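**Q** The structure's right below; bear with me while I get my questions together.
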């Protein structure tokens, strides 16, 4: 097995994804060896997802020959599940990412969002607390929880966060449709 | 500088760290600070500081010291990308703002707490109210 | 008469310039912004707002900057901030309160009369009238030449010279008024085109637009600017204009008519005009390139359907009870993506 | 109150104002219905 393929596979397994704008060599190595990487990851019940438009390569749970697996009982998955509050915040962030990606052209940039923009839109649904410090603590805690899934970054000195492109593959229309169906079932009885 | 250099018991490259822990029913918070001197240039502008606010049970004083010993400053600021319950600040102003937001207090509670923590003698009522409370 | 009050109220509520003028911190914001266009914006704004307490600074600085960005007084493209026409209108109004050049003068009247004559003779198709006008003007010039040959050279007095210099400055300085207006006109065309592409997304429209080489983003201001910048390129007259300006600026009456900044502005007029005109075509080219890139990416239908699904989810989310911690922590239905493998616990093996 | 919450939530969509208009229409309709019959407990509970 070639050294570069092994290095790229190990790095991707360690971090969970490869981005072209940060690790171009490994991204190119892993992009041109789809069959080899798939054969390597088959024994581990894992698969590789590709996105050439955004320059992204990520790792997902391989779909076996069972009607339902929940994809969270896989032995190698360490994170916890996502609850309703985090799903709501993810939906808000996905809307912001749509807005960012629509009005962009050729060139490299990043999606930055300030907390003060996020606070009122979440107040609309969750409600309102007395002091401002309470709401700031709530938002900071939620963003810290979301950082563990690799969806955002830590707060800057100017009180801003970066939205990672991987969210575009977490809230793709299929997953959104499934979530909407499930939530509609939950609400009506 | 006097506390770091033990005014002299320690000269040249040196490391100093402090921490304090607060607990409740089902939670824990830790406030810490790491200061260091690279060489013998004992000056106010040559002391390097970092402040830490943590909730994870894995963040201890020895862990911070090990990270500093292994990578200096970059290894300390790298802990924010490998964990969740850690917040480093290379600035006391933002650190104190975050601290006052965590415990929903005013901007003068800690100053008053510091004044009444070494008061020598209970003077006249007017003097006490005009010198300590206000 | 009644509709005018409604229009004024609407302009007060909506237009960015009046909102900026009526803002609480208008003077310092105006000064800082004008100094800038002559993060870093946030840092400088905080620095200026620091030593003006009188009447938590970094939080309100960012809040106000984002408020002005929302109001479209200033524009954020990728990570940079660019000025608009409303900001320049506000600056022009504010800085004209100190010194304004009079326009009720004799020189302006003569200019108006000559310009009206020129337009009226230019709109006339009949050749006989053109011949008559040419003969009359030639005869008048010949009469003036005959008078001059007798030793009757006319020279403007000091007051007339000062009036003429100030009027020439006032007329010449107005050629830069609408440079930001063209760019603002192109940006909204870009936005409208992108919205129409998304709402349609039909691939036939995108393919047809990509195939054609005809430039998009056409606006009424763009054609006027093109006509202006085409005539700006005829250097055979720009050189004469620059030489005449240099000759004019070497006159004893100049210090009494214009101060130092005005003399500098009149000194480098042609170079600055050409330099600033060349900086708008590049913006147009960049806008067109970005639009073509967005069209070639081909993710409009995904944006449309994800927006629809997000709207459905947000409508549904209003019917659950967010006040109970039990429901806020109920597990949802979302798959694991970007799985990071657990570190093998061999550690030291 | 539910209509007001919908109106508040509909202002964050970028549809060139279509969703905002649709959300405002229902609230204006509710106000019209309340004002039409100003001699009921339900209608007086809104505007009085």
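Protein chains in written order, with the entry's author numbering: chain F, 48 to 236; chain D, 81 to 87, 100 to 226; chain B, 5 to 42, 51 to 67, 76 to 220, 223 to 371; chain C, 908 to 955.
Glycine included, each C-beta is placed from N, C-alpha and C at the ideal position.
At a CB-CB cut-off below 9 Å, which residues of chain B make contact with residue 147 of chain F?
**A** In chain order: nothing, as chain B lies at least about 10 Å away.
**Q** Output, in chain order, the set of chain F residues within a Cβ distance shorter than 8 Å of residue 219 of chain B.
**A** Within chain F, no residue comes near residue 219 of chain B; the closest Cβ sits about 12 Å away, beyond 8 Å.
**Q** Cβ atoms of residue 279 of chain B and residue 182 of chain B: under 8 Å apart, would you say?
**A** Cβ distance < 8 Å, so residue 182 of chain B and residue 279 of chain B count as in contact.
**Q** Taking its Cβ as the centre, do 16 or more other Cβ atoms sit within 10 Å of residue 336 of chain B, making it buried, or is it exposed?
**A** With 16 or more Cβ atoms within 10 Å of its Cβ, residue 336 of chain B is classed as buried.
**Q** In the DSSP assignment, find the beta strand (DSSP E) that holds residue 180 of chain D and state where it starts and stops.
**A** Unbroken beta strand (DSSP E) run through residue 180 of chain D: 178 to 181.
**Q** Count the CB pairs spanning the region 335 to 353 of chain B and the region 182 to 189 of chain F that are closer than 8 Å, and state whether there are at least three.
**A** No, because fewer than three Cβ pairs between the region 335 to 353 of chain B and the region 182 to 189 of chain F fall closer than 8 Å, the two stretches do not touch.
**Q** Could you tell me whether any Cβ in chain F is nearer than 8 Å to the Cβ of residue 115 of chain D?
**A** No, its Cβ sits nowhere closer than 8 Å to a Cβ of chain F.
**Q** Mind checking which residues open and close the alpha helix (DSSP H) that includes residue 252 of chain B?
**A** It spans 242 to 254 - the alpha helix (DSSP H) in which residue 252 of chain B sits, taken as one unbroken run.
**Q** For residue 102 of chain D and residue 147 of chain F, what's the separation of their Cα atoms in angstroms?
**A** One C-alpha to the other measures close to 54 Å.
**Q** For residue 95 of chain F, name the three-state secondary structure that DSSP assigns.
**A** Correct three-state label for residue 95 of chain F: strand.
**Q** Could you name each continuous beta strand (DSSP E) segment of 3 residues or more that falls completely within the region 142 to 221 of chain F, going from the start of the chain to the end?
**A** DSSP runs (the beta strand (DSSP E)) wholly in the region 142 to 221 of chain F: 158 to 161 and 207 to 210.
**Q** Kindly indicate if chain C contains any beta-carbon less than 8 Å away from that of residue 168 of chain F.
**A** Yes, its Cβ sits closer than 8 Å to a Cβ of chain C.
**Q** Would residue 143 of chain F be called buried (16 or more neighbouring beta carbons within 10 Å of its own) or exposed?
**A** Residue 143 of chain F comes out buried.
**Q** Report the rounded CA-to-CA distance for residue 328 of chain B versus residue 221 of chain F, giving the unit in angstroms.
**A** Roughly 9 Å separates the two Cα atoms.
**Q** Residue 928 of chain C: buried (16+ other C-beta within 10 angstroms of its C-beta) or exposed?
**A** Label assigned to residue 928 of chain C: exposed.
**Q** Which residues mark the beginning and the end of the alpha helix (DSSP H) in which residue 39 of chain B is found?
**A** Unbroken alpha helix (DSSP H) run through residue 39 of chain B: 30 to 40.
**Q** State buried or exposed for residue 64 of chain B, treating a residue as buried only when at least 16 other CB atoms are found within 10 Å of its CB.
**A** Exposed, because fewer than 16 other Cβ atoms sit within 10 Å of the Cβ of residue 64 of chain B.
**Q** DSSP has residue 106 of chain F in a bridge; who is on the other side?
**A** The partner list for residue 106 of chain F (beta bridge, DSSP) reads F/95.
**Q** Should residue 171 of chain F be flagged as near chain C, meaning a C-beta pair shorter than 8 Å?
**A** Answer yes: the Cβ-Cβ gap between residue 171 of chain F and chain C drops below 8 Å somewhere.
**Q** From the beta carbon of residue 62 of chain F, is the nearest beta carbon of chain G less than 8 Å away?
**A** Annotation note: the requested chain G is absent from the structure, which comprises protein chains F, D, B and C.
**Q** Quick one: give me the first and last residue of the beta strand (DSSP E) that residue 64 of chain B is part of.
**A** From DSSP, residue 64 of chain B is part of no beta strand (DSSP E); its letter is neither H nor E.
**Q** Quick check on residue 345 of chain B - is its C-beta less than 8 Å from some C-beta in chain F?
**A** Output row for residue 345 of chain B: interface = yes.
**Q** Could you list which residues in chain B have their beta carbon closer than 9 Å to that of residue 912 of chain C, in chain order?
**A** Chain B residues near residue 912 of chain C: 340.
**Q** Quick one: list the residues of chain B neighbouring residue 212 of chain F, beta-carbon separation under 7 Å, in chain order.
**A** Those do not exist, as residue 212 of chain F stays about 11 Å from chain B at its closest Cβ, beyond 7 Å.
**Q** Okay, do the region 50 to 69 of chain F and the region 77 to 87 of chain F touch, 3+ Cβ pairs below 8 Å being the bar?
**A** At 8 Å Cβ cutoff, the stretches touch.
**Q** Based on the DSSP secondary-structure assignment, which residues constitute the bridge partners of residue 124 of chain D?
**A** The partner list for residue 124 of chain D (beta bridge, DSSP) reads D/111 and D/144.
**Q** Return the residues of the region 192 to 203 of chain B that lie within a Cβ-Cβ distance of less than 8 Å from chain F, sorted by chain order.
**A** Under the 8 Å Cβ criterion, the region 192 to 203 of chain B contributes no residue.
**Q** Classify residue 181 of chain D: buried if its beta carbon has 16 or more other beta carbons within 10 angstroms, exposed otherwise.
**A** The residue in question, residue 181 of chain D, is buried, as its Cβ has 16 or more Cβ neighbours within 10 Å.
**Q** So who's on the other strand from residue 307 of chain B, going by DSSP bridges?
**A** DSSP output for residue 307 of chain B lists no bridge partner at all.
**Q** So, is residue 217 of chain D buried or exposed, given that buried needs 16 or more other C-beta atoms within 10 angstroms?
**A** It is exposed - the Cβ of residue 217 of chain D has fewer than 16 other Cβ atoms within 10 Å.
**Q** Would you verify that the beta carbon of residue 174 of chain F is, or is not, closer than 8 Å to some beta carbon of chain D?
**A** It does not; no Cβ of chain D falls within 8 Å.
**Q** Using a threshold of 7 Å, is the CB atom of residue 30 of chain B nearer than that to any non-hydrogen atom of the ligand MN?
**A** For the structure depicted, the ligand MN is absent and the ligand set is empty, with no information on it obtainable.
**Q** With 8 Å set as the bound, which would you pick, yes or no: does the beta-carbon of residue 196 of chain D sit closer than that to a beta-carbon of chain F?
**A** Yes, contact with chain F.
**Q** Is the beta carbon of residue 358 of chain B sitting closer than 8 Å to the one on residue 108 of chain F?
**A** Result yes, Cβ atoms of residue 358 of chain B and residue 108 of chain F sit closer than 8 Å.
**Q** Any Cβ of chain B within less than 8 Å of the Cβ of residue 80 of chain F?
**A** So, not an interface residue.
**Q** What does residue 130 of chain F pair with, by DSSP beta-bridge criteria?
**A** The partner list for residue 130 of chain F (beta bridge, DSSP) reads B/353.
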